[PDB]
Structure formats: C-alpha cells, structure tokens
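Colleague: Handing you a structure now.
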Amino acid sequence: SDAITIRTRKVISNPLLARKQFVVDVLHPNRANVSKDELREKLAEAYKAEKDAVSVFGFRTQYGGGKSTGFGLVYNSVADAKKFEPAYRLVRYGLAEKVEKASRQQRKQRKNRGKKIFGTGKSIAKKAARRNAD
Amino acid sequence: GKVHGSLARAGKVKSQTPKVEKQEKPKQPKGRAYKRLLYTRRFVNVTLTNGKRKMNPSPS
Amino acid sequence: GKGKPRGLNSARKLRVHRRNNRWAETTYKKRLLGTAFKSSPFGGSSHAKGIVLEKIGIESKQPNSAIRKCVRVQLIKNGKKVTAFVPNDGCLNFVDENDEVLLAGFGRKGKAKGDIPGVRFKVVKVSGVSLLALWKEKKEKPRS
Amino acid sequence: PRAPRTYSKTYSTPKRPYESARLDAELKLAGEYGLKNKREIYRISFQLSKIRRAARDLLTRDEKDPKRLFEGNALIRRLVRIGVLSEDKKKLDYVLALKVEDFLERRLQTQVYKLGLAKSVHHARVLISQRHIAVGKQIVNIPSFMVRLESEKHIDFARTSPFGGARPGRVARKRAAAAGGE
RNA sequence: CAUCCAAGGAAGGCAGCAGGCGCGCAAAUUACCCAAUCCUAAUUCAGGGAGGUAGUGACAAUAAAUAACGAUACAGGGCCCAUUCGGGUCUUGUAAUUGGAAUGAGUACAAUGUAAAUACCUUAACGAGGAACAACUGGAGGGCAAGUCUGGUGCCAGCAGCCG
Ligand SMILES: [Mg+2]
Ligand SMILES: [Mg+2]
Ligand SMILES: [Mg+2]
Ligand SMILES: [Mg+2]
Ligand SMILES: [Mg+2]
Ligand SMILES: [Mg+2]
Ligand SMILES: [Mg+2]
Ligand SMILES: [Mg+2]
Ligand SMILES: [Mg+2]
C-alpha cells in the first residue's frame, strides 16, 4: 500500500535548452517525501531517458502529507544536462565534484595582497631577502 | 506610647506585615477552557438570580 | 450674519483668522513655539536618566496628611536638577544616594499629580534595574 | 531595499471597553462557539464592518450604475459562496442586515459540530486542532476555516488520522505494546 | 581632528557592510555565498558587504496550544402527580474521586528544503496525569466589570490619571 505515483503537469518541450520542463505532482500516501534520487529514477524510466539527464528540485510536501509538488526537467542527452545545468545540481547528482574553493574572506585577503605588489612577486622576494641580509 | 517607632521611616507597613504564604492550588485552566468555565458559571449555572448576578458574593 | 466673512473670495482672511486664533490654544502654542525643547527638563523626552544628589521627603497638601518620599536628581543629558517621586511603599531604601536613576513622566502632562507639590517625575529604574522588579524581589540591586 | 509586503490589522477593539451588556453578549458568543479569546468576536465584527461599509457605499450610488452592479453582485456572490447570506436574500440590502453570529456560524468549528462527527463545540475545536478534520482530503488545523457552501459536503476525518482509519496513536499503541509484552 | 616614525619623513577620511568609543530613554553578528534579482567588464565563465541566506530581534502584523470525552459520588432545573414521600421518571452542573482515548511543545532515524546549512512542510522511534509540559499583566469606592470577606497599619506607611 505504498504505491508512490508520479505525474508531470504543465509539461513544455524546449529545444531552446534541449529540455522538457514540467511540474512534478507526486501522490504518496502513508509515506514521507520521495527522496529526490528515487523520483529522478522514476522519471528516468518514465520518459525513456538515463538517470543523469533528469533533474528535480523545488519540492514541497504540502500541508498534511500525501501529495508533494516540485519542478523537473528532462534533457535530451546527458551531455546537454552537463553543459546546461548549474554546478550545484551537478554536485547534488554526483555527476560533478565540489570545486576546491578557499573561503570568501581568504580570497579577498589574497586579492588585496596581490594588489599591494605591482607586477610579479619574483623580484621583490629576493630583494627583501638580501635587504634584511644587511 | 503615641507612636511605636520612628514615624517617618520608609517601608514601615511593608516591613511589619505578617508574611502569609501563598496557598497551593489546583491548576486553573487557561484559554478556551477558561472562557467555557466562565460561560457555564454565568449563563447556564445561574446561581443568584435575585438582585444582580453578584459575582464574588461576600460570605455573610 | 456671523462674525466671519462668507464670500466666495474670502479664503485669505478666514485662513489668517484661524491662524491667528490658533495661538489661543495651549497645545498648539507649545508645539509651535517648541517650548518643550528649550524650557522643559526634557526636550520632548518621555524618559531621562540622572544622578541622585540627595534623598528628600515632601509633605502633602491640606486634605492629605503624609510625607511622600521623593529624591532630588540632577539630569545627565543637560544638567538640570528636578525632584522626582519614588512610587511604592518600601522603595525609598532601594534607591541609594549617587546612583543612576531613570526618571519618567508623572502622567499628568508635566504637572504635579495628586497631593505631592512641586514634583513632576516618577522613578522607574535605578542602577540599571527597575523598581517594580526590586519591590517584588524579582531582581536585586547590583551594588556597584 | 526590497518592496515591502503589507501587513494589516484584522480587528478593532471597541471604544467603550467596559460595557456590561456588551461584555455579557461577548461571553455568550464565546461560550456558544468555544472561542478562545474575545479577539475572535472583534475580528468577526471587523470583517462585518468592512462588509457593511462596502454595502453602504454601494447603496449610496445610484441604482443601475456599473460600479453598483459589478461590485454589488461580486460581494453578493462572495457572501452566498461563503454561505452566510441565504440564497433567498441576494439583494445587497439584506447584506446590511447580517449579524456577527452569522459569520460565527460558518466557522469550521461549528460546521464540524453540526455534522455531528464532533459531539461538543469544544470537542470540535480540539478535533480540528489535533489535525483530524480534512476539508477535501486536506486537513485544516484551524478553527476559523470559513467553510463555503460548495465544499461543506467534504468534511470528514482524514485518512492519516485514527478516526479516518490508520494507526491509533501514542497512548493506544503504547498500551497495545504493553499488553503484548505482558 | 588624527595616525607610524629610526624625528629625516610617510600616510588619513564608515553619513558603504560588519564592529568599536562616545552620546543618549532610544536601535543587530568583524557570520555564509554569488544559489535568486540584477549590474559591471574585453564580456556565459571573472567580480559585486548591490543583493540574497542565516545570527540577534515581543517595532509592528496573521493564524492560533495550555486540554477533550466518558463511567461514578454532591447537587440543580422541565417534572407523573403533588398520599410527606417519591422513584430522577427528563435533563444541567459540583466533587484531591476514577477509565480509556487524541495531540502537539519538545527531542530525532531520514528525506524534502538550501549554493551549503539552519528553520518551515512531511515523517520513523521517543515525547501528558497534579496532563509540575503549572499564563501572565492590571484592577475589585465612583468614572469602569468585579468584595462594604479575613488579617495587618492606624490621617503613619502608603494608594490615588481626576473625585477622593
Ligand atoms: Mg557601520
Ligand atoms: Mg545592505
Ligand atoms: Mg529599540
Ligand atoms: Mg530569538
Ligand atoms: Mg504553560
Ligand atoms: Mg493577580
Ligand atoms: Mg492595588
Ligand atoms: Mg486589596
Ligand atoms: Mg461596577
């Protein structure tokens, strides 16, 4: 009596982005939310596409449980999904990796420190070294 | 004598009143229950129809 | 018919007549002259802190025989000195000499209330803590 | 700097706050319909006052005037859709004749009481507040859910609730577990 | 009005976001990030304390928990009449009696949410008996709803917006 059933309302094709947009209306009694990955797979064999060219987000299990609503897109190919989707969705789905970024404060500090020096820091390092030498 | 102490001393009656402790009570229901209690006590359990309602009638 | 003109082109004298008559009120005159900022102990201020100079009690009027426990406070914002009232029963001892006290209005539009002569300000807080919390022993004076 | 969204007051305390007859009437209406505070009666009176202000403003306008026709029948249809105004008197002059008790009657509280699935008005209040009644497979934990005429037929206990058919709940499940263990 | 100073010199502009001193009755965290709105640039990609997200926040504003229902003992009204009765025949309250339910406020597997996280919506597993999971703030002479009850002080202490 689980029977998670899925529906795609307001579906619009879109070769502008080589996608198909829709709102995901998932009816699921006696159950919590649908754990996006599982619903991505459900849409994957629903629309005859791989589990990689399918994305869902913006979900909201309505008040009182049961129904839930989100937004979903199905891309014509996995490559188009790779080259059109935001980075954070490509990180959620495991098809990309979180970029090794220093924190914003450190980046700004380093930017100002680079501001202090005109041109490359090659000459100034040796100049300062031989300066404190004497 | 005429006056039992220094007359103009501040906090006199407060100082010498007998400290009587609060009497412990059952919980008084609050919210909708309190309004229901008041409605029952006044308009379906009319106690003293004579004269006025006389809520809080002194015992004499 | 009446004292005021009634013609369709008499807006000017009607307006200036009202404008000259408005000074007869007290609220309008105070608001426009701005006497509150210049003369009152507080300039349009509901509350003000001050320093207790000494600790006085003031006798009441004829029909009421008692001594209301006051306190002379020099205001910190400008330096004026005003008497103020310590409201409740055992609160005189709570406020000690030379501690910061937050005086408030006395509720009668800057005029003496009841039988207390020459006072126009309550006492709400002392040394950062409120008098009502001290009087019911909810908080205690920090004694700094 | 973002465009604000407008909060607005929804009640108005009476100017004479201490009227014996009015206080007794307010307590009557609070006890009859299990209202938590007397702010509920103020809110219904404020809604009724807005409705009456609109009705009187439209009445002042001349008969057969586009404003009168359009917004008068709009208000009429809205009120009959709520259900407070009976279909017999869709005239915009009986709108001025509505009483606060009329809007009080259409609350989901009193409707659950009328349907009988709650045997007491306070029982209706608690049953609504415990997420049991669902107006069309959608629970409403709010007593002041103004039930409209088109949807009153769809009040019943929700499926997730034990009354609509589900697991019983904390106390019953614990008692059953204790009985099974011992 | 200030800062470093090797006393020769050098460098200043928060009524930007933070934060500090002061002032005053009076007003927030040196937080996260370009996800969203957009903007700049050679221009998708870089950048943006613009901005958004959170932190504090009883400025204001909305909805709304703090119990609900029985079965018993003390009672009251419509009563079959009125042999005193009185069954309570018909109901409505009061009792530290007494039972079974329902539920959140909290915790918390998860998943949703989000740039990432909180938080909300959903939901496992716990989570109500004095349901101590305990609602306060003012007032009870009049204005103005509610005491000419008990004790204390006796024109003191104090109350009182006004009359008192
Ligand atoms: Mg600043
Ligand atoms: Mg800003
Ligand atoms: Mg402030
Ligand atoms: Mg907080
Ligand atoms: Mg509580
Ligand atoms: Mg009290
Ligand atoms: Mg008092
Ligand atoms: Mg008293
Ligand atoms: Mg009265």
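In the structure tokens, chains take the letters A, B, ... in the order shown, each chain's residues start at 1, and ligands count up from 1 in the order shown.
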For stretch 34-43 of chain C, work out the shell of residues within 9 Å, counting only C-alpha atoms (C1' of nucleotides) and skipping chain neighbours fewer than 2 positions away, then give it as an NGL selection string.
Modeller: :C and (29-32 or 45-48 or 75 or 77-78 or 80-82 or 110)
Colleague: For N, CA and C atoms, I'd like the residues from the last selection saved as an mmCIF file, in the first residue's frame.
Modeller:
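File part_32.cif, as written:
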```cif
data_model
loop_
_atom_site.group_PDB
_atom_site.id
_atom_site.type_symbol
_atom_site.label_atom_id
_atom_site.label_comp_id
_atom_site.auth_asym_id
_atom_site.auth_seq_id
_atom_site.Cartn_x
_atom_site.Cartn_y
_atom_site.Cartn_z
ATOM 1 N N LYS C 29 0.264 76.288 20.860
ATOM 2 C CA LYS C 29 1.311 77.249 21.186
ATOM 3 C C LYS C 29 2.578 76.543 21.642
ATOM 4 N N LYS C 30 2.437 75.511 22.475
ATOM 5 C CA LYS C 30 3.606 74.752 22.905
ATOM 6 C C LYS C 30 4.276 74.060 21.727
ATOM 7 N N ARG C 31 3.481 73.474 20.831
ATOM 8 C CA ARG C 31 4.046 72.741 19.705
ATOM 9 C C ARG C 31 4.781 73.658 18.739
ATOM 10 N N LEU C 32 4.234 74.841 18.466
ATOM 11 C CA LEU C 32 4.860 75.742 17.506
ATOM 12 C C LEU C 32 6.010 76.535 18.110
ATOM 13 N N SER C 45 11.057 64.426 25.648
ATOM 14 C CA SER C 45 11.613 63.139 26.037
ATOM 15 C C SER C 45 10.714 62.479 27.067
ATOM 16 N N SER C 46 10.314 61.238 26.791
ATOM 17 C CA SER C 46 9.457 60.514 27.720
ATOM 18 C C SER C 46 10.208 60.135 28.989
ATOM 19 N N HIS C 47 11.475 59.755 28.857
ATOM 20 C CA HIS C 47 12.294 59.324 29.978
ATOM 21 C C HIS C 47 13.630 60.048 29.936
ATOM 22 N N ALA C 48 14.339 60.018 31.064
ATOM 23 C CA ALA C 48 15.692 60.557 31.118
ATOM 24 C C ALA C 48 16.413 60.045 32.356
ATOM 25 N N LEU C 75 19.791 65.861 36.172
ATOM 26 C CA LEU C 75 19.731 65.162 34.897
ATOM 27 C C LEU C 75 21.100 65.147 34.233
ATOM 28 N N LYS C 77 21.586 64.453 30.845
ATOM 29 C CA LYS C 77 21.556 64.880 29.449
ATOM 30 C C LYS C 77 21.892 66.361 29.301
ATOM 31 N N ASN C 78 21.456 67.198 30.242
ATOM 32 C CA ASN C 78 21.707 68.632 30.156
ATOM 33 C C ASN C 78 22.201 69.269 31.446
ATOM 34 N N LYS C 80 20.162 69.830 34.299
ATOM 35 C CA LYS C 80 19.108 70.387 35.131
ATOM 36 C C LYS C 80 18.868 69.500 36.351
ATOM 37 N N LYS C 81 18.310 70.105 37.395
ATOM 38 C CA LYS C 81 18.009 69.416 38.642
ATOM 39 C C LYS C 81 16.509 69.446 38.878
ATOM 40 N N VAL C 82 15.925 68.278 39.143
ATOM 41 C CA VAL C 82 14.491 68.154 39.358
ATOM 42 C C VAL C 82 14.231 67.168 40.486
ATOM 43 N N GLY C 110 3.285 66.717 32.529
ATOM 44 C CA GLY C 110 4.266 67.608 33.115
ATOM 45 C C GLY C 110 3.713 68.546 34.164
#
```
Colleague: Could you list, as a ChimeraX atom specification, every residue within 10 Å of residue E:53, counting only C-alpha atoms (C1' of nucleotides) and ignoring same-chain residues fewer than 5 positions away?
Modeller: /E:32-33,35,114-115,117-118
Colleague: Now that the selection is made, can you save its residues with C-alpha atoms (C1' of nucleotides) as a PDB file, in the first residue's frame?
Modeller:
```pdb
ATOM      1  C1'   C E  32      27.752  32.213   4.685  1.00  0.00           C
ATOM      2  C1'   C E  33      27.507  32.884  -0.531  1.00  0.00           C
ATOM      3  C1'   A E  35      22.029  29.911  -5.493  1.00  0.00           C
ATOM      4  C1'   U E 114      19.185  25.346   0.720  1.00  0.00           C
ATOM      5  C1'   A E 115      24.936  27.426  -3.122  1.00  0.00           C
ATOM      6  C1'   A E 117      23.294  24.584   6.008  1.00  0.00           C
ATOM      7  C1'   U E 118      19.537  26.161   9.704  1.00  0.00           C
TER       8        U E 118
END
```
Colleague: Within 9 Å of ligand 1, counting only C-alpha atoms (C1' of nucleotides) and all ligand atoms, which protein or nucleic acid residues do you find, written as a PyMOL selection string?
Modeller: chain E and resi 14+16-19
Colleague: Taking only C-alpha atoms (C1' of nucleotides) and all ligand atoms into account, report as a list in words which residues have an atom no farther than 12 Å from an atom of ligand 4.
Modeller: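 The residues within 12 Å of ligand 4, counting only C-alpha atoms (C1' of nucleotides) and all ligand atoms, are residues 28, 55, 56, 57 and 58 of chain E.
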Colleague: Quick one: write out the picked residues with N, CA and C atoms (P, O5', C5', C4', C3', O3' and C1' of nucleotides) as a PDB file, in the first residue's frame?
Modeller:
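See result-v2.pdb below for the written result:
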```
ATOM      1  P     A E  28      22.332  47.772  18.498  1.00  0.00           P
ATOM      2  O5'   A E  28      22.623  46.269  18.058  1.00  0.00           O
ATOM      3  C5'   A E  28      21.870  45.190  18.602  1.00  0.00           C
ATOM      4  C4'   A E  28      21.979  43.943  17.757  1.00  0.00           C
ATOM      5  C3'   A E  28      23.352  43.686  17.141  1.00  0.00           C
ATOM      6  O3'   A E  28      23.579  42.281  17.067  1.00  0.00           O
ATOM      7  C1'   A E  28      21.744  43.879  15.427  1.00  0.00           C
ATOM      8  P     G E  55      18.577  32.019  12.086  1.00  0.00           P
ATOM      9  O5'   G E  55      19.757  32.890  12.703  1.00  0.00           O
ATOM     10  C5'   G E  55      20.918  32.269  13.233  1.00  0.00           C
ATOM     11  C4'   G E  55      21.769  33.252  13.993  1.00  0.00           C
ATOM     12  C3'   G E  55      21.016  34.193  14.919  1.00  0.00           C
ATOM     13  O3'   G E  55      20.683  33.596  16.157  1.00  0.00           O
ATOM     14  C1'   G E  55      22.536  35.435  13.620  1.00  0.00           C
ATOM     15  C1'   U E  56      20.115  38.885  17.307  1.00  0.00           C
ATOM     16  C3'   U E  56      18.945  37.630  18.924  1.00  0.00           C
ATOM     17  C4'   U E  56      20.261  36.946  18.609  1.00  0.00           C
ATOM     18  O3'   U E  56      18.546  37.477  20.272  1.00  0.00           O
ATOM     19  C5'   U E  56      20.194  35.458  18.388  1.00  0.00           C
ATOM     20  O5'   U E  56      19.173  35.119  17.464  1.00  0.00           O
ATOM     21  P     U E  56      19.187  33.712  16.724  1.00  0.00           P
ATOM     22  P     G E  57      16.998  37.254  20.630  1.00  0.00           P
ATOM     23  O5'   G E  57      16.250  38.433  19.865  1.00  0.00           O
ATOM     24  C5'   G E  57      16.330  39.771  20.333  1.00  0.00           C
ATOM     25  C4'   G E  57      15.541  40.704  19.453  1.00  0.00           C
ATOM     26  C3'   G E  57      14.109  40.290  19.168  1.00  0.00           C
ATOM     27  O3'   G E  57      13.220  40.606  20.226  1.00  0.00           O
ATOM     28  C1'   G E  57      15.154  40.917  17.151  1.00  0.00           C
ATOM     29  P     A E  58      13.065  39.605  21.475  1.00  0.00           P
ATOM     30  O5'   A E  58      11.501  39.576  21.761  1.00  0.00           O
ATOM     31  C5'   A E  58      10.585  39.190  20.745  1.00  0.00           C
ATOM     32  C4'   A E  58       9.550  40.258  20.503  1.00  0.00           C
ATOM     33  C3'   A E  58       9.890  41.631  21.079  1.00  0.00           C
ATOM     34  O3'   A E  58       9.434  42.648  20.192  1.00  0.00           O
ATOM     35  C1'   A E  58       7.848  40.863  22.000  1.00  0.00           C
TER      36        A E  58
END
```
Colleague: If you run DSSP on the backbone here, which positions in stretch 14-60 of chain B get helix (DSSP H, G or I)? Please write them as a list in words.
Modeller: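 Filtering stretch 14-60 of chain B down to helix (DSSP H, G or I) leaves residues 14, 15, 16, 32, 33, 34, 35, 36, 37, 38, 39, 40, 41, 42, 43 and 44 of chain B.
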Colleague: If you take only C-alpha atoms (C1' of nucleotides) and all ligand atoms and a cut-off of 12 Å, which residues of chain E touch ligand 8, and what are their nearest atom pairs and distances in Å to one decimal, in chain and number order, as a tab-separated table?
Modeller:
```
residue	atom	partner	partner_atom_place_in_ligand_line	distance
E:139	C1'	ligand 8	1 (Mg)	9.5
E:140	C1'	ligand 8	1 (Mg)	7.6
E:147	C1'	ligand 8	1 (Mg)	9.2
E:149	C1'	ligand 8	1 (Mg)	11.0
E:150	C1'	ligand 8	1 (Mg)	11.4
E:159	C1'	ligand 8	1 (Mg)	10.6
```
Colleague: Could you write those residues out with C-alpha atoms (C1' of nucleotides), as a PDB file, in the first residue's frame?
Modeller:
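Writing done, so here's again-v5.pdb:
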```
ATOM      1  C1'   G E 139      -7.668  46.042  38.758  1.00  0.00           C
ATOM      2  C1'   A E 140     -12.039  44.920  42.639  1.00  0.00           C
ATOM      3  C1'   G E 147     -15.695  42.258  47.555  1.00  0.00           C
ATOM      4  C1'   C E 149     -14.686  38.820  53.126  1.00  0.00           C
ATOM      5  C1'   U E 150     -10.067  37.820  56.691  1.00  0.00           C
ATOM      6  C1'   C E 159      -2.894  54.427  47.328  1.00  0.00           C
TER       7        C E 159
END
```
Colleague: Kindly compile the residues surrounding ligand 6 within 9 Å, counting only C-alpha atoms (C1' of nucleotides) and all ligand atoms, and format them as a PyMOL selection string.
Modeller: chain E and resi 136-139
Colleague: At a cut-off of 9 Å around ligand 5, and using only C-alpha atoms (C1' of nucleotides) and all ligand atoms, what residues come up? Please write them as a ChimeraX atom specification.
Modeller: /E:66,133-135
Colleague: Please dump the current selection as a PDB file, in the first residue's frame; keep N, CA and C atoms (P, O5', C5', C4', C3', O3' and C1' of nucleotides).
Modeller:
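Written output follows (part-v3.pdb):
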```
ATOM      1  P     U E  66      -5.906  23.953  24.320  1.00  0.00           P
ATOM      2  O5'   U E  66      -4.942  24.155  25.572  1.00  0.00           O
ATOM      3  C5'   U E  66      -4.288  23.049  26.174  1.00  0.00           C
ATOM      4  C4'   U E  66      -3.368  23.490  27.283  1.00  0.00           C
ATOM      5  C3'   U E  66      -4.031  24.160  28.476  1.00  0.00           C
ATOM      6  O3'   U E  66      -4.537  23.222  29.410  1.00  0.00           O
ATOM      7  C1'   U E  66      -2.185  25.452  27.773  1.00  0.00           C
ATOM      8  P     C E 133       5.707  17.942  33.930  1.00  0.00           P
ATOM      9  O5'   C E 133       5.468  19.054  32.815  1.00  0.00           O
ATOM     10  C5'   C E 133       6.268  20.230  32.773  1.00  0.00           C
ATOM     11  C4'   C E 133       5.941  21.093  31.579  1.00  0.00           C
ATOM     12  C3'   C E 133       4.594  21.811  31.635  1.00  0.00           C
ATOM     13  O3'   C E 133       4.704  23.044  30.927  1.00  0.00           O
ATOM     14  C1'   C E 133       4.645  20.402  29.755  1.00  0.00           C
ATOM     15  P     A E 134       4.305  24.432  31.624  1.00  0.00           P
ATOM     16  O5'   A E 134       3.396  24.008  32.859  1.00  0.00           O
ATOM     17  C5'   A E 134       1.982  23.972  32.746  1.00  0.00           C
ATOM     18  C4'   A E 134       1.324  24.517  33.988  1.00  0.00           C
ATOM     19  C3'   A E 134       1.617  25.974  34.302  1.00  0.00           C
ATOM     20  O3'   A E 134       0.797  26.867  33.569  1.00  0.00           O
ATOM     21  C1'   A E 134       1.916  24.673  36.251  1.00  0.00           C
ATOM     22  P     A E 135       1.331  27.522  32.203  1.00  0.00           P
ATOM     23  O5'   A E 135       1.029  29.074  32.378  1.00  0.00           O
ATOM     24  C5'   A E 135       1.891  29.897  33.154  1.00  0.00           C
ATOM     25  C4'   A E 135       1.343  31.293  33.314  1.00  0.00           C
ATOM     26  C3'   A E 135      -0.002  31.391  34.031  1.00  0.00           C
ATOM     27  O3'   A E 135      -0.046  32.597  34.789  1.00  0.00           O
ATOM     28  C1'   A E 135      -0.192  32.317  31.872  1.00  0.00           C
TER      29        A E 135
END
```
Colleague: Would you please give, as an NGL selection string, all residues of chain D that DSSP assigns to strand (DSSP E) based on the backbone?
Modeller: :D and (133-135 or 155-157)
Colleague: Would you mind reading off the distance between atom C1' of residue E:13 and atom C1' of residue E:31, one decimal, in Å?
Modeller: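 Answer for the atom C1' of residue E:13 to atom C1' of residue E:31 separation: 27.1 Å.
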Colleague: With only C-alpha atoms (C1' of nucleotides) as the counted atoms, please give the residues lying no more than 12 Å from residue A:15, apart from itself and same-chain residues fewer than 4 positions off, as a list in words.
Modeller: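 Once the nearby chain positions are removed, what remains is residues 19, 20, 21, 74, 75, 76, 77 and 80 of chain A.
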Colleague: Include N, CA and C atoms and write out the residues we just selected as a PDB file, in the first residue's frame.
Modeller:
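This went into out-v7.pdb:
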```
ATOM      1  N   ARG A  19      15.460  20.527 -23.647  1.00  0.00           N
ATOM      2  CA  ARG A  19      14.909  20.006 -22.410  1.00  0.00           C
ATOM      3  C   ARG A  19      13.400  19.840 -22.527  1.00  0.00           C
ATOM      4  N   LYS A  20      12.822  19.266 -21.479  1.00  0.00           N
ATOM      5  CA  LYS A  20      11.380  19.197 -21.296  1.00  0.00           C
ATOM      6  C   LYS A  20      11.098  19.584 -19.856  1.00  0.00           C
ATOM      7  N   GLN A  21      10.372  20.680 -19.666  1.00  0.00           N
ATOM      8  CA  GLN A  21      10.087  21.209 -18.344  1.00  0.00           C
ATOM      9  C   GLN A  21       8.717  20.736 -17.884  1.00  0.00           C
ATOM     10  N   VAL A  74      13.808  17.246 -18.046  1.00  0.00           N
ATOM     11  CA  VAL A  74      14.378  16.070 -18.695  1.00  0.00           C
ATOM     12  C   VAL A  74      15.162  16.545 -19.908  1.00  0.00           C
ATOM     13  N   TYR A  75      16.464  16.297 -19.917  1.00  0.00           N
ATOM     14  CA  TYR A  75      17.307  16.774 -21.002  1.00  0.00           C
ATOM     15  C   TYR A  75      17.437  15.723 -22.095  1.00  0.00           C
ATOM     16  N   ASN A  76      17.596  16.202 -23.330  1.00  0.00           N
ATOM     17  CA  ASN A  76      17.665  15.301 -24.476  1.00  0.00           C
ATOM     18  C   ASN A  76      18.851  14.354 -24.377  1.00  0.00           C
ATOM     19  N   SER A  77      19.954  14.807 -23.790  1.00  0.00           N
ATOM     20  CA  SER A  77      21.137  13.978 -23.631  1.00  0.00           C
ATOM     21  C   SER A  77      21.798  14.300 -22.301  1.00  0.00           C
ATOM     22  N   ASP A  80      24.067  17.418 -22.712  1.00  0.00           N
ATOM     23  CA  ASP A  80      23.370  18.695 -22.624  1.00  0.00           C
ATOM     24  C   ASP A  80      23.048  19.045 -21.179  1.00  0.00           C
TER      25      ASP A  80
END
```
Colleague: Within 6 Å of chain E, which residues of chain B show up when using only C-alpha atoms (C1' of nucleotides), listed as a PDB file with N, CA and C atoms, in the first residue's frame?
Modeller:
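Output file result_33.pdb follows:
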```pdb
ATOM      1  N   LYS B  12       7.483  51.009  56.209  1.00  0.00           N
ATOM      2  CA  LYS B  12       7.116  50.564  57.547  1.00  0.00           C
ATOM      3  C   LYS B  12       6.068  49.460  57.502  1.00  0.00           C
ATOM      4  N   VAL B  13       4.918  49.730  56.880  1.00  0.00           N
ATOM      5  CA  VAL B  13       3.841  48.743  56.844  1.00  0.00           C
ATOM      6  C   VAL B  13       4.285  47.494  56.094  1.00  0.00           C
ATOM      7  N   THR B  17       4.302  43.757  58.060  1.00  0.00           N
ATOM      8  CA  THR B  17       3.113  42.955  57.830  1.00  0.00           C
ATOM      9  C   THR B  17       3.440  41.471  57.961  1.00  0.00           C
ATOM     10  N   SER B  58     -19.740  38.289  48.860  1.00  0.00           N
ATOM     11  CA  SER B  58     -19.065  38.154  50.140  1.00  0.00           C
ATOM     12  C   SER B  58     -19.874  37.246  51.062  1.00  0.00           C
TER      13      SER B  58
END
```
Colleague: Would you mind telling me which residue in B:47, B:59, B:22, B:52 lies nearest to ligand 9 when using only C-alpha atoms and all ligand atoms?
Modeller: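 The answer is B:52, which sits nearest to ligand 9.
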Colleague: What separation in Å, quoted to one decimal, exists between atom CA of residue C:90 and atom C1' of residue E:142?
Modeller: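 The value is 28.5 Å.
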Colleague: Output the contact residues of chain D with respect to chain A at a cut-off of 10 Å, based on only C-alpha atoms, as JSON, numbers by chain.
Modeller: {"D": [131, 132, 134, 137, 138, 139, 140, 141, 158, 159, 160, 166]}
Colleague: List all protein, DNA and RNA residues that have an atom no more than 9 Å from any atom of ligand 3, counting only C-alpha atoms (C1' of nucleotides) and all ligand atoms, and report them as a list in words.
Modeller: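 Checking only C-alpha atoms (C1' of nucleotides) and all ligand atoms against ligand 3 at 9 Å gives residues 26, 27 and 59 of chain E.
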Colleague: Mind dumping the selected residues with N, CA and C atoms (P, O5', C5', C4', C3', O3' and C1' of nucleotides) as a PDB file, in the first residue's frame?
Modeller:
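Generated file (result18.pdb):
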```pdb
ATOM      1  P     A E  26      19.620  54.464  26.323  1.00  0.00           P
ATOM      2  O5'   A E  26      18.884  54.174  24.943  1.00  0.00           O
ATOM      3  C5'   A E  26      18.048  53.037  24.781  1.00  0.00           C
ATOM      4  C4'   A E  26      17.214  53.161  23.532  1.00  0.00           C
ATOM      5  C3'   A E  26      18.000  53.320  22.241  1.00  0.00           C
ATOM      6  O3'   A E  26      18.421  52.080  21.695  1.00  0.00           O
ATOM      7  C1'   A E  26      16.359  55.011  22.368  1.00  0.00           C
ATOM      8  P     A E  27      19.761  51.372  22.230  1.00  0.00           P
ATOM      9  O5'   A E  27      20.188  50.400  21.045  1.00  0.00           O
ATOM     10  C5'   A E  27      19.455  49.215  20.776  1.00  0.00           C
ATOM     11  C4'   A E  27      19.038  49.146  19.331  1.00  0.00           C
ATOM     12  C3'   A E  27      20.167  49.248  18.317  1.00  0.00           C
ATOM     13  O3'   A E  27      20.800  48.004  18.077  1.00  0.00           O
ATOM     14  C1'   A E  27      18.445  50.752  17.727  1.00  0.00           C
ATOM     15  P     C E  59      10.377  43.116  18.980  1.00  0.00           P
ATOM     16  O5'   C E  59       9.769  44.513  18.526  1.00  0.00           O
ATOM     17  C5'   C E  59      10.006  45.691  19.278  1.00  0.00           C
ATOM     18  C4'   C E  59       9.308  46.868  18.655  1.00  0.00           C
ATOM     19  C3'   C E  59       7.857  46.629  18.275  1.00  0.00           C
ATOM     20  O3'   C E  59       6.977  46.787  19.371  1.00  0.00           O
ATOM     21  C1'   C E  59       8.990  47.613  16.455  1.00  0.00           C
TER      22        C E  59
END
```
Colleague: Write out as number ranges by chain every residue belonging to chain B that has an atom at most 8 Å from any atom of chain D, counting only C-alpha atoms.
Modeller: B: 31-33, 35-36, 38-40, 43
Colleague: Would you mind listing what lies within 12 Å of residue E:62 as a list in words, with only C-alpha atoms (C1' of nucleotides) counted and same-chain residues fewer than 2 positions away left out?
Modeller: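 Here the qualifying residues turn out to be residues 6, 7, 8, 9, 10, 11 and 43 of chain D; 60 and 64 of chain E.
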Colleague: As a PyMOL selection string, could you give me every residue of chain E near chain D (at most 8 Å apart, counting only C-alpha atoms (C1' of nucleotides))?
Modeller: chain E and resi 61+63-64+68+101-104+144-145
